[PDB]
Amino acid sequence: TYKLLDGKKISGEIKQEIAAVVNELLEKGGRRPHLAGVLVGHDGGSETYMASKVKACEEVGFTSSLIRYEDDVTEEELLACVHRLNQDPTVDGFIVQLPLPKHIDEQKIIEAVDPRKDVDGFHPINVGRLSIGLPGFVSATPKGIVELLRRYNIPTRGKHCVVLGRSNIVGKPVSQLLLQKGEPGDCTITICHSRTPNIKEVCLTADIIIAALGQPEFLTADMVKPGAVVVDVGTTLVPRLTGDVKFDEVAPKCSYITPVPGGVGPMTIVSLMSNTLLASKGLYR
């Protein structure tokens, strides 16, 4: 009775759409888009994060670069690398894996990125452009959440969207996207966090819930109004990878719901790919 917001499936169709644009570009004598990545240190997590973005470039048909520094690299050499990548016309977009070592000023490094190549959308100027409504790169995780809703023509105008979490990676940008005019958007937005005293009461008024707290089974059936659209952004490994939603009892109450895994995860990765294709064509979308 409930419908899946099928991230694996939608991802697949976007990958196919990207290949078609690249194949077309190749036929008229052009080069494949190129995503460069900068890694510092040998953190195992960040290492898997980069590896995942390499595999994705393979599947969509992108060239990929990866530079690996030791974590004693100076701010000065890292900034020089950013400027080199900014100026390299063979690199359409690039990303700097975070976090960086304590002695490096992350803000300085990221703000040195040219916004036209900031396909992660991490540059504060792109964050600000998003809030204002100007063209710029939208970061991958909120971009893919909003695309999931656009792809299922989910009604959003006049709907109450309850965002659980005020994180920079998800809660704030998704709120800004769904506050824009038109659909998807024109939501009334309530943003909840650790100091919200009545989260259950708030969720019971939600037409759409964005669960991005990072707490397993935080969202239970007694918090969800029948017919709700539920987006599960949580990613916690438990004794299995689950989201923030107790799927077993929540999903039957929903009109639409993302599974974990197979929901937001694949949309995030493929949204990074889309930003890279846009960058290669000199666009922000």
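Start at 1 with the first residue shown and count on from there.
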| query | finding |
| --- | --- |
| Deposited residues omitted from coordinates between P239 and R240, as a class | 4 to 9 |
| 159-167 versus 93-101 - which carries the larger mean C-alpha B factor in the record | 93-101 |
| Stretch with the higher entry mean CA B-factor, where the candidates are 199-207 and 78-86 | 78-86 |
| Largest Cα B-factor, entry values, listed residues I67, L219, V260, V231 | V260 |
| Most elevated Cα B-factor in the entry, residues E111, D71, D186, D120 | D71 |
| Ranked C-alpha temperature factor of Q16 among modelled chain residues, by third | highest |
| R151 by Cα B-factor - lowest, middle or highest third of the modelled chain | highest |
| CA B-factor ranking of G182, expressed as a third of its chain | highest |
| Third of chain Cα B-factors occupied by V38 | middle |
| Chain thirds of CA B-factor: placement of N23 | highest |
